[PDB]
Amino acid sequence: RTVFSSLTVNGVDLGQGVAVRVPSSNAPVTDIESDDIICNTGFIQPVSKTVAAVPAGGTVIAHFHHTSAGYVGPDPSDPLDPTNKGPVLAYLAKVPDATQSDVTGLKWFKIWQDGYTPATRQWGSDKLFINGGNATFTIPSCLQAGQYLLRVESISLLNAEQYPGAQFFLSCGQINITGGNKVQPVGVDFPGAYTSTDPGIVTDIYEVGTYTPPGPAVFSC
C-alpha cells in the first residue's frame, strides 16, 4: 500500500498535500473500469486549490509514502511494502482547470514509467523504495502550456495472477505547465486504457520473464 501525496518542482518542495488530491487512505483501487482508476477516490478535504507552476522540461518528484499522511518517521513499508513488486507510471492530461472536480473524459498520455529489468530482476517498485518514495521524471519540453492533471501510479502485482488482483495506488497532481511549445499529444481514456487482458495487469510475478507495463507507449517530444 502506498499514496502519492506531495510534489517537488525543480528542487522546491511544495508541502504535504499541496497541489495533490490525496485519497483518505492507502486502500488500493482494484476496478480498472471504475472512475476511481482516473484519480482515486475519497479525497482529504478540503482539496488543495494550488496548481503548481512547472516549466515544460522541468523536473518533478511525485512523493509516495506508505500512508496518506506522508512522512511520519521510520516504517519498513514506507514508501511501500517492497514485497509488492510492480511498475510505477506517470501520465498527464490537459484539463480546462486543474482544480475542476470532474476528471472524466480526459485524454491521458504517458510521460514516464519504470517497469521491470529481467537481467537484474528489479522492478520500478524496488527503485521507488530505494528512492524513498521519490518518483522523479521530467515534463516533456514541447508541450502546449496550460493546466494539466498529473496522474502518478504504483501498481502492486503481488496478487495479480487473476483479475481482479492488481492493486492500483495513484493520485492526481494539479499543475500549470509554463513555457513549452505547441505539442498536444494523443492520449488514452481512463477508464478504458487498462483492460483485464493486459499482461501488464494480469501477471504472476513468480513466473515473470519479461514484463511490459499497461497502457500506451511513453510519449516523447
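Numbers follow the displayed sequence, beginning with 1.
Comparing 96 to 104 with 82 to 90, the stretch with the higher mean C-alpha B-factor in the PDB entry is 96 to 104.
Relative to its counterpart among 202 to 210 and 10 to 18, 202 to 210 has the higher mean temperature factor, C-alpha atoms as listed in the PDB entry. Within the listed group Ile175, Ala193, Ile155, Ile37, the record reports its top CA B-factor for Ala193.
Ranking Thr67, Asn159, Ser171, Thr50 by the C-alpha B-factor listed in the PDB entry places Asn159 at the top. In this PDB entry, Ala62 carries a Cα temperature factor that places it within the lowest third of its chain's modelled residues. Among all modelled residues in this chain, the alpha-carbon of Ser141 has a temperature factor (C-alpha) in the highest third. Ranked by C-alpha B-factor against the other modelled residues of its chain, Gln184 falls in the highest third. Residue-level temperature factors show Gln167 in the lowest third of its chain, judged at the C-alpha atom.
The entry lists a Cα temperature factor for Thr30 that places it in the middle third of the chain's modelled residues.
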